[PDB]
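To start, the structure under review is shown below, and the notes come after it.
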Ligand SMILES: Cc1cc2c(cc1C)N(C[C@H](O)[C@H](O)[C@H](O)COP(=O)(O)OP(=O)(O)OC[C@H]1O[C@@H](n3cnc4c(N)ncnc43)[C@H](O)[C@@H]1O)c1[nH]c(=O)[nH]c(=O)c1N2
Ligand SMILES: Cc1cc2c(cc1C)N(C[C@H](O)[C@H](O)[C@H](O)COP(=O)(O)OP(=O)(O)OC[C@H]1O[C@@H](n3cnc4c(N)ncnc43)[C@H](O)[C@@H]1O)c1[nH]c(=O)[nH]c(=O)c1N2
Ligand SMILES: Cc1cc2c(cc1C)N(C[C@H](O)[C@H](O)[C@H](O)COP(=O)(O)OP(=O)(O)OC[C@H]1O[C@@H](n3cnc4c(N)ncnc43)[C@H](O)[C@@H]1O)c1[nH]c(=O)[nH]c(=O)c1N2
Ligand SMILES: Cc1cc2c(cc1C)N(C[C@H](O)[C@H](O)[C@H](O)COP(=O)(O)OP(=O)(O)OC[C@H]1O[C@@H](n3cnc4c(N)ncnc43)[C@H](O)[C@@H]1O)c1[nH]c(=O)[nH]c(=O)c1N2
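Structure (structure tokens):
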């Protein structure tokens, strides 16, 4: 059973998700338009500050509290959930966990308050996201950094409220490039299978200059810093993917009670009711998986293995429940007007981002000695 | 081994698919634009007339030749493949199989030559596509049919070359009425925002007192739904072939991508996790292909092929869905980008489990064939 | 994280499982011989008394404590685990939860101490285990009950230490038939796919007489009593099935480090190491599933839905991990000498007993309104 | 449609399987007793001589005819089917394909007529079945080969009618030596306690200074493992057919059981959960059958069939495993009772994913065929 503080938050975000987020989800998906009005209301709720102390502007909660919110948002609109997830985990977290009093005090308050978004630029075109692959070069001249390179698939990097993008550059540490830096160009959005409302851009740097004080962490330790906070993001996206799986149940249950076939609701036929029952089982064990992962994290125990399992299994519950949810909806399962249709498109990236399934299996395998 | 005539057609459509269809596939998907220039090239190739006798403008072939062509188109662009499949199976076939000499001579030559497209309007909003569910009424007043109702998810019903849409209508007496496009009560509503098949033409249809000549009654008064039920199996074979091509296309792309893309100094195809996944993908497409070849073989021998087609369609559609999820995995982040074929195959393929009889409907048929 | 009391018990039974149970598992499986020496040592540990108060002879623990023990035993030998599971859940539990001070004081102390075993006879040949199907008739004459009928697949019903079999009989309540009752005949064991060492018998009753005081619960309420304690058994077998899944990982990990192919251990090839990594994920989420189920039960909250999901998912983790574990072992996967081979045979019944998968899906479906 | 000769054989073996093999299948499984009376009846039917020319005692048929027969035997009893499959593929075939005129005339007539059984001893304890792993040495001393080593999991190597066991031996020069049974150093160790195939004869073999004539060298000195690798594909087809029969047998049994067994007043086959599961089972067996038919068709046309056989074998073995797990589910508690065919199919089928090249080996082959 969930404690009051967490159960109260779950109820508030879920209420938010049904009353505020769901009515506009179809519009932003069709338009590919970033939901600024939803992000600002999430910011005023403090969701962007949940896993941060009131010191730097956060709400003094934890990552499990954020996880509960992401599950409730994931049920309804993945683009909104991933904007929150990526903002906290990829924008603010590298600055909060590796930035001095000045860096944290300059950038975090806006990020933590939902007034601004930050992104992390690691992936590059043609590069294998390894340490060996990073072809983006950075050179120090006096009190300013000079960056030359290109990044690919960077979330939250080109909104009207993006303040900075922390990037990786071979010198390899983490450098905070404010948006508006002359060499910093935000290329146009991608045409993606899904997450249509989520902001995603390629980035290019031609002799961009930023202050010396913008180095994130110690010179040479930025990639190591990233790996050390990856595990919280596996939990966060496991919760998002779990919400997706549950949203697919919820919609399919709703749809099965309305839609008729040969005089009875389609849920009266075992093939539909059993398929939905299995979907609810998948979502449930996905939820116990990431609760267990968060429990270890909050207790200070190791949670890398549990998070990797939680993320893989969750992502598979979302994909499987989306394919089943669209089957339950029939022709409507092929119409972007219906939530489960958008979930079918959106969920493919859940098996790929935050470490591919193959990466999670490698981690689990190494944990056994293989 | 495949006989010469069929291997020749397969090779020609494959060249067509790689040289003509693929280069423009990305533009049409992004734009949601109907590929008129591709449909015109398919029409001159004879593909819309492949299973129809020369008398009406056809090529004197069969549904297997059409299935071979659909597999090659499915590899590359599902919207183009389903435009052909629906044009033949739902546009020309109901007029060729149940229309009199006049109906056939007036409508088939343009359809069979690809100069026009035809649609079949059965599904309605709120209805379970049964005969008991058909709320679209058509009323005889003098010498004209007066139709009031609405159809949903009708393919090929609103292109610049759509000539007619045959609909099912209560007259529970259910007949089929040929509604030419341009009929005053006939409104083609705006396109749907669909998960996939972005380039394929799909519309809701509405009829507010549309009047058409009495000679437009297709088949016997009251037997139009029954006639539709009787010719369904060829389309199951046709779409199993399309889904088989999708499954194969996902393999082809993943193999090329796996040989180029690098990870830790070796192409990702050097790792068993990728190469075994692609090998399994290739196994799925192969047995899907043997399944629908057998269904067509029985059809061509004049033997029963309902059960074999139902299996071919189910297994094929699942090979497409599974191979699209694996192919996008192999492509990594690129698998989430509509510029890549496999990403479009992941979106497009979901309707393959739903149309031409849902998986649950195929399982029902197979079950009944066993005595269940 | 697990509290000390539970973690201590988990360590003791696991130690028991490796040192006492595993050395004799192959012998009893080959011989189809009931492991009396293992059952007596489990009894002296008090495992048969774990979910019962010290009052009636039990150890004053809970069903979760029993669940932890069953997982550790399930890892090694299903026949031993199911003997414990069925003894507690089907022998003692109907008497503990529905028997008067005298009935509990007469029978439970031996059951709870592992000195005796009791079974539950509900299934009948040709009957669908519904209330409508029970063709076994019972008639009251004076101070004795007279029973006529036949039962099928009754666990623990014909060992040298079986004291009684509580049965269902249409009159429909629960009647305690002591072993040795003249009309009570124990037919010979079945040749089963698996659980070779587990005791299983058809039962036949031709005018057997037992005292009036032997009525279990109220006349007419015995089947209702059974349904009301079914949910604890779903948790118990979910834990057993989870242990099986983990045992298959453990053995496959052990085997993958020893067995060579083309100069390297077979776990160096991704196809083997990834398959084992997935197996560990299945066992892990099965374990979070039934922990969650037990948590609700111990808190007094409803746990029927959670138990049904836990049992289904667990049983599927055992079957899937057994098929993968035998693949990892190659030809040895087809040899009853190896634990994972016995797990492949044994696990089929996990999808069937304690409510079939179809029954669990029906329950989950009804919980959603379908 | 199947040609007359093949349909005739299929019908005959099917009658055999239902009339002769099935009634005794339960007794042999419980007893672990080799079915000599079944093997003698198969021998007089010619099944062990089906793919061998008349000259050596065979029936002048092919491996497809044998595959058809194995599918019918697999439906009913896998131990009987694998006795035939291993007898032909591992006993007679290596002598027919690589032995001189004398070797063939001395050993093939009894094998091809079922009066004797032969085994192939390659696998050894601790070895990865590679040539580099073969630790069994055979030494030429005067005119006799002196063999020291051990073989593991050797089918048909210890029956009352086993005549010989061909083994692989280091001479890393690897040759094949024909060891007749009764040779002084040749010890047939006691049977294994196996998960399934309880009635099929399986033994570890040990050689402590066994001497056999020099004329027993099979093939060229040093080429015996290479020869074995070259004839593997026919056995993949043969066992895909066996696994296909297993898959079909599980359907057949589940259909009969589903029509009789009741639940809440209707047979369990009236519920979609059971009828759809059985319909899917039927789909799996059908596409498995189309897969291995295509592999055999290519083989018979003289075309490459390695890739097609590998797919047929993998997909077949998985159809058997999946259908056995579903069929035992349909049978409920009875699915856990060795008296029922599907329960025995659940135990027997696991080795179908492991023998005749593991699933991982088939995926490797398919992958290599794509350039991976
Ligand atoms: C883009 C596109 C294009 C087309 C079409 C759709 C789309 C999206 N269609 C319509 C399509 O054929 C139709 O939607 C499908 O047959 C599915 O029917 P329903 O949506 O009514 O599902 P329906 O409402 O029948 O069923 C929903 C779900 O319940 C299941 N189910 C239903 N009855 C059941 C039962 N008794 N037991 C168990 N499960 C059961 C189904 O299997 C499905 O999963 C169409 N139509 C047309 O008229 N002309 C056209 O040209 C096209 N083309
Ligand atoms: C919408 C969206 C949003 C984001 C991102 C992507 C997208 C599409 N990303 C990028 C994302 O994290 C990245 O694409 C994934 O890590 C996958 O990397 P590749 O596409 O290079 O796959 P890659 O080339 O690594 O691999 C392709 C396939 O091969 C497999 N594979 C690779 N190596 C293997 C091996 N050794 N053994 C076995 N299998 C192996 C992988 O598992 C995968 O299935 C991102 N990035 C970023 O920097 N910042 C951001 O904010 C975001 N956000
Ligand atoms: C009852 C019975 C009957 C017979 C046989 C076995 C049994 C049990 N056999 C032996 C059988 O053919 C053999 O066991 C299998 O080929 C499997 O080989 P291993 O046990 O060595 O598996 P092995 O040790 O090769 O492999 C174990 C596991 O690792 C995997 N693996 C191996 N290498 C890998 C790689 N490089 N990459 C990825 N995965 C890899 C395999 O796929 C498998 O899952 C036999 N033998 C014989 O000589 N004569 C006979 O008549 C018979 N008949
Ligand atoms: C070794 C062992 C040990 C035990 C037991 C069995 C075995 C083999 N059992 C019996 C066991 O609990 C029983 O066999 C199962 O409940 C399954 O019941 P049936 O075999 O009658 O299946 P049944 O006939 O109910 O069903 C067969 C199949 O159809 C499905 N099905 C049935 N009705 C359906 C419906 N309406 N909709 C959809 N699908 C449906 C089921 O899910 C199953 O897959 C037992 N019994 C006992 O009394 N005491 C004991 O101690 C034990 N222990």
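Residue numbers (the authors' numbering), protein chains in the order written: chain B, 9 to 179, 188 to 386; chain A, 9 to 179, 186 to 386; chain B', 9 to 179, 188 to 386; chain A', 9 to 179, 186 to 386. A prime marks a further copy of an entry chain. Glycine included, C-beta positions come from ideal geometry on N, C-alpha and C.
Note that the C-beta distance between residue 357/B' and residue 251/B' is not below 8 Å. Within the segment 278-300 of chain B', 285, 286, 287, 290 place their CB atoms closer than 7 Å to a CB of chain A, listed in sequence order.
Short of 6 Å from the beta carbon of residue 218/A, and not among the five residues preceding or following it, lie these beta carbons of its own chain, in chain order: 160, 203. The three-state reading of DSSP puts residue 36/B in helix, counting H, G and I together. Between the alpha carbons of residue 146/B and residue 367/A' lies a distance of about 54 Å.
The nearest non-hydrogen atom of ligand 1 is less than 7 Å from the C-beta of residue 161/A. Along the segment 203-222 of chain A', the positions whose C-beta sits under 9 Å from a C-beta of chain B' are 206, 207, 208, 209, 210, 211, read in chain order. Annotation: Cβ neighbours of residue 273/B in chain B' (cutoff 8 Å, chain order): 385, 386. A Cβ of chain A is located within less than 8 Å of the beta carbon of residue 352/B. Rounded to whole angstroms, the gap between the alpha carbons of residue 52/A and residue 121/A is 6 Å.
When C-alpha distances from residue 206/A are compared across 9/A, 339/A, 164/A, the shortest belongs to 164/A.
Rounded to the nearest angstrom, the gap between the Cα atoms of residue 227/B' and residue 193/B' is 9 Å. None of the residues of the segment 81-101 of chain A has a beta carbon lying less than 8 Å from any beta carbon of chain B.
In the DSSP annotation of this structure, the continuous segment of the alpha helix (DSSP H) that includes residue 243/A starts and ends at 238-244. The bridge partners DSSP lists for residue 225/B' are 154/B'.
For residue 174/A, the uninterrupted beta strand (DSSP E) run begins and ends at 170-178, by DSSP. Assignment of residue 100/B' by DSSP, reduced to helix, strand and coil, places it in the helix class.
For residue 9/B, no Cβ of chain A is located within less than 8 Å of the residue's own Cβ. In the DSSP assignment, residue 276/A' is bridged to 281/A'.
DSSP links residue 149/B' through a beta bridge to 152/B'.
In the DSSP annotation of this structure, the continuous segment of the alpha helix (DSSP H) that includes residue 293/B' starts and ends at 286-314. For residue 174/B, the distance from the CB to the nearest heavy atom of ligand 1 is not below 7 Å. In this structure residue 170/A touches residue 195/A by the C-beta definition: roughly 5 Å separates them, less than 8 Å.
Residue 210/A and residue 273/B have their C-alpha atoms roughly 26 Å apart. It is roughly 49 Å from the alpha-carbon of residue 313/A to the alpha-carbon of residue 370/B. Remark: the C-beta of residue 282/B is outside contact range of ligand 3, defined as less than 7 Å to any heavy atom.
For residue 373/B, the shortest separation between its Cβ and any heavy atom of ligand 3 does not lie below 7 Å.
Cα atoms of residue 154/A and residue 230/A: separation of roughly 12 Å, rounded to the nearest angstrom.
Its Cα nearest to that of residue 325/B, the residue 382/B stands out among 232/B, 382/B, 110/B. A residue is called buried when at least 16 other Cβ atoms come within 10 angstroms of its Cβ; residue 102/A' meets this threshold and is buried.
In terms of beta-carbon proximity, residue 136/A lines the interface with chain B, with at least one pair separated by less than 8 Å. Rounded to the nearest angstrom, the Cβ distance from residue 36/A to residue 213/A is 4 Å, consistent with a contact under 8 Å. Counted as a single uninterrupted DSSP element, the beta strand (DSSP E) harbouring residue 201/A' occupies residues 200-202. A straight-line Cα-Cα distance of about 6 Å links residue 200/A and residue 220/A.
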